[PDB]
Amino acid sequence: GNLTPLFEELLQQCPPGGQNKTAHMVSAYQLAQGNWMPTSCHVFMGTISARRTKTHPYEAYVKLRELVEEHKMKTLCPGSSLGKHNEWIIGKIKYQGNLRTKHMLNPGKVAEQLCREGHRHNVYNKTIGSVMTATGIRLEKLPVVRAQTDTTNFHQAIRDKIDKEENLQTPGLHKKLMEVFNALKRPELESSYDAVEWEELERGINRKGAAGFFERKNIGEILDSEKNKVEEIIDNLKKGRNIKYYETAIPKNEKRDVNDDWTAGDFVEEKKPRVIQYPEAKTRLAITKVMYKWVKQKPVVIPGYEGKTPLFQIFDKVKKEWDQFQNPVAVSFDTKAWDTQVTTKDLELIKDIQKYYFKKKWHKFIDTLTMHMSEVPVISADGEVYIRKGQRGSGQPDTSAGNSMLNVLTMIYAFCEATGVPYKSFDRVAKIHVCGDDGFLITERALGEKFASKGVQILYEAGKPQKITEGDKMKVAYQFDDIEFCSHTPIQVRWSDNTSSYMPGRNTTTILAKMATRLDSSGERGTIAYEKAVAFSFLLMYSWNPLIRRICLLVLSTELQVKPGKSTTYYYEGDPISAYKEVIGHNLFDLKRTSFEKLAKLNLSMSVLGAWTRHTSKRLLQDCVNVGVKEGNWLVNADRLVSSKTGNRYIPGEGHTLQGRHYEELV
């Protein structure tokens, strides 16, 4: 009836309960339509037990609201204990605590020092910047802000996100998730994973990887001296012996996009930090050395895992899936603060999966580590200790693998339970794609809409509450380029071939913001070299954007004799226009037309926020043309329009795309 959305809202507040085969279980719609009187607020698949009695919708509503409030009353005052294996941390406490934490224990402080403050304003790449501002782009106006890392806001962040009990989850959920796992295990690899050699582990490793609160040496330093310390940790865990597990909590210093805020009118100028929580460097080494093939997905055993797919390939890959369905539709995964939603039972389910794949000799390792992870003492940067109840800390080696598996398992479960499709038959009916907590699913419109409705409830009960659209549903893409994934959305280009591919689209404002700014000045981060590598990396992602493309081209044109740096995501070797060709599969020159409407939308905010002038495009074009009319071979002539107007072309020499960081698998 009229009141269905209200009942939906209330069912998102009830405690998850189990099946009840012996009672009249009824849904929000049912309650809203009439003569059902709630008896429980224990909710199961969006349904609660009700008597069949003359009852008006408003009356049923009042009753359920009363039941929910009663439960909330039973539930204040829950208590936070500290398990014996964590008692060691108290020995290090020296002052009393000031976290004012409400749901986890805050025994006190260790040092009283680092009670930092300040702002952190934006740092600018000189060359990139002058290319942009010489055309009327104003860096000031780009909706990018910094993460306030002062202790006050840092604590506010902790209380905001991490101070919370483990989510209640539907009884027997994890039995069910293991059934889902069972339909996608790889028997081919049971009991097979073993540790790796320091050789392998070090290859590509980040030697600047940071140290724990009680830790003087970073990853490089540990590798040079204390491999024996690390091997000791490995042996303790290997045997079942507790270790002094703890995690360090620092506010993540980063650039924060505020495009949507500024265009609304709300002109936010700082944002509360995300919270990084990571174990000791010695301990990250100890975990990764043993669990390398799981934590790094070597091989990938998580269906839909896209951790290893380059961003410029993903959408093309996905469109091949979209094209196989009669009325394709994509339901978007969007869990609120995923990391803070992960419960001990979740961690345990990953523990059991890990034990499926690892050799028996390491089971006791996994057990002991999983246990440590279920109640984690965390020292903040400024000294405050808090005892986290479950959850996930971003710095954990298992973060990316664990989350992704957990996300897939949960979303399949939810999809199936919403639709009727058995867990074994998921492959028959939909396609899934996860990168950590991010992801989506592709399926037939009927099943996708079912999922998008029954999903918010089911996922709430599963312990992974969503974020929703005005219709209180999961976000649904009815046309391919409305998919959103890894902060991007597909945009179509058409080549001189007359073929077409999809590239990773994103607001122009955000692209310029990210491209113009930098965090440090350490590594190659001062030089033109680093800027050329940034331009190349952007050119791989954003060649569909004539503005970004032309800016990148002009940057790559600067100081021809200077080889690019290796710090950023991708870099190049030889000629960047070729490298482009090598991994995009056409030449820049072939890019005939970018999809008009999607490009207009991703450009819109630029005008709304006054980040460019009426003549910016024109001026940037002219800037390219002035370089490209000169006699000779000028890489700005790789731009189809530039070349058209200069009457010259660019003849690329040899070149190859390379990687300096994350580590993916190119085609």
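The values are calculated or read from the model by the stated rules, or taken from the named source; no laboratory read-out is quoted. Cβ placement follows ideal geometry from the backbone for every residue including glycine, while neighbour counts extend to all protein chains displayed.
Values for this structure:
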item	result
Hits in segment 315-354 - residues which are surrounded by 20 or more Cβ atoms within 10 Å (Cβ to Cβ), closer than 30 Å to residue 164 by Cβ and aliphatic (A, V, I, L, M)	331, 342, 347, 349, 350, 353
Residues located in segment 383-413, provided they are among the aliphatic types (A, V, I, L, M) and more than 30 Å from residue 90 (Cα to Cα)	401, 405, 406, 408, 409, 411, 412
Tabulated pairs, segment 605-626, first in the same structural domain as residue 552 (by TED's automatic domain parsing) and without any contact (Cβ under 8 Å) to a residue 40 or more places away in the chain, second surrounded by 15 or more Cβ atoms within 10 Å (Cβ to Cβ) and hydrophobic (A, V, I, L, M, F, W, C), C-beta under 7 angstrom, 6+ apart or interchain	625/642
Residues satisfying the stated conditions in segment 37-60, i.e. of a type in the set (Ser, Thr, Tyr) and more than 26 Å from residue 169 (Cβ to Cβ)	53, 55, 58
Failed criterion for residue 661 (all others in (1) of a type in the set (D, E, K, R); (2) in a loop (DSSP other than H, G, I, E, B); (3) surrounded by 15 or more Cβ atoms within 10 Å (Cβ to Cβ) hold)	(3)
Any pair with Cβ under 8 angstrom, 6 or more apart, that starts in segment 136-150 at a residue that is on the phi > 0 side of the Ramachandran plot and in a loop (DSSP other than H, G, I, E, B) and ends at one that is surrounded by 22 or more Cβ atoms within 10 Å (Cβ to Cβ) and hydrophobic (A, V, I, L, M, F, W, C)	136/612
Sole residue being of a type outside the set (S, T, N, Q), surrounded by fewer than 12 Cβ atoms within 10 Å (Cβ to Cβ) and closer than 28 Å to residue 369 by Cα, chosen from 107, 78	78
Scan of segment 218-251 for residues that are buried (at least 17 other Cβ atoms within 10 Å of the Cβ), assigned to a helix (DSSP H, G or I) and among the charged types (D, E, K, R), ordered by number	238
Among (1) in contact with a helix residue (DSSP H, G or I) (Cβ under 7 Å, 6 or more places away or on another chain); (2) farther than 24 Å from residue 494 by Cβ; (3) part of a loop (DSSP other than H, G, I, E, B), the one test that residue 614 misses	(1)
Residue in segment 589-596 that is polar (S, T, N, Q) and crowded, with 18+ Cβ neighbours inside 10 Å present	yes
Helices (runs of 4 or more DSSP H) wholly inside segment 293-412 that include at least 3 residues being in contact with a helix residue (DSSP H, G or I) (Cβ under 8 Å, 6 or more places away or on another chain) and not charged (D, E, K, R)	311-322, 344-357, 363-374
Subset of segment 118-133 [surrounded by fewer than 16 Cβ atoms within 10 Å (Cβ to Cβ), outside any strand (DSSP E or B) and touching a helix residue (DSSP H, G or I) at 6+ places or on another chain (Cβ under 7 Å)]	133
Members of segment 608-631 that are surrounded by 15 or more Cβ atoms within 10 Å (Cβ to Cβ) and farther than 13 Å from residue 554 by Cβ	609, 611, 612, 616, 617, 629
In segment 207-217, the residues that are surrounded by 14 or more Cβ atoms within 10 Å (Cβ to Cβ), within 21 Å of residue 394 (Cβ to Cβ) and not aliphatic (A, V, I, L, M)	209, 212, 213, 215
